[PDB]
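Shown next as structure tokens: one chain only, the form deposited in one PDB entry.
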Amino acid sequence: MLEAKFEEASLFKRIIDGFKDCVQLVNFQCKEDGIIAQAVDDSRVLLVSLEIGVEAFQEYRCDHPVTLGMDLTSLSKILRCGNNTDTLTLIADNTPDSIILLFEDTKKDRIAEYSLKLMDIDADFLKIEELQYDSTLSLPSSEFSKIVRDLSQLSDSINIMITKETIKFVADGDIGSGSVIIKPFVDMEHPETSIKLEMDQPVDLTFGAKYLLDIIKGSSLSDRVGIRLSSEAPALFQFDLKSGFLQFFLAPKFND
């Protein structure tokens, strides 16, 4: 058997919401210490890696590793059936016939049970994560979402430029151009609004605006967002969960 209970069903919906767009199908590997999942879009420029620890649940029981894959559209449509305050339980037994989703409310009444059919996918798992990245920065997700949403209307490509103590987001298209310059600072009212930055080597990268808009969806999961950049590898966008995280690996556009 396999039982995983989210305290609030909102968490699982938001997590799948990061998966909802920019990818069709996903493979969830469950084991004794939690669940992990990798998914790559059709153009293979974006990889989404999810890890959810035991502490993110209120109840977790896995007597046996278990791999279950499912269509995100089919899964998202079934994740439109519960209150965001409901308790959500996932059920599977050994060889997975199919996955069971179970909703429950505060008033011990109105029990909804669902069954999503499972699929067969290729286990080509990627460990492209790097030891050291050329530059690293963190900032409020709301601020970063604004920056991307603003510049997206100008062009299909967004450029990120980092120098010493300076972060510069630049977009340039048909109707014109725009730029947002932010600098590291520590705000003591709430140390959350702080912008942090560590630079080993200056970086200059360009990303497809289409894919960045898909990445910023993780703002519903965390107050802050982590960005690890390097001119040698895809960028790493990370959203922290309670004892877990959701990662977005995006390959820069290149070259002249």
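Residue numbers here begin at 1 and follow the sequence given. Whichever C-alpha set is largest while still superposing within 1.5 Å between the two forms counts as the rigid core. Shifts are known only where both forms have a C-alpha.
Although not depicted, the form solved in complex with a partner chain is the subject of the following passage.
Proximity of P234 to its partner chain in the deposited complex: non-hydrogen atoms within 4.5 Å are present. Its partner chain is not drawn, but in the deposited complex it has no heavy atom within 4.5 Å of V26. Contact annotation: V45 falls within 4.5 Å of its partner chain in the deposited complex, judged by heavy atom distances. Although the partner is absent here, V40 is a contact residue: one of its heavy atoms lies within 4.5 angstroms of its partner chain in the deposited complex.
Large C-alpha shift between this form and the one not shown, rigid core held fixed: of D150, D71, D172, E129, this applies to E129 alone, with a displacement of 2 Å or more. A change of 3 Å or more separates the two forms for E130 and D33: their C-alpha atoms lie closer together in the deposited complex. After superposing on the rigid core, the one stretch of 3 or more consecutive residues whose C-alphas move by 2 Å or more between this form and the one not shown is 126-131.
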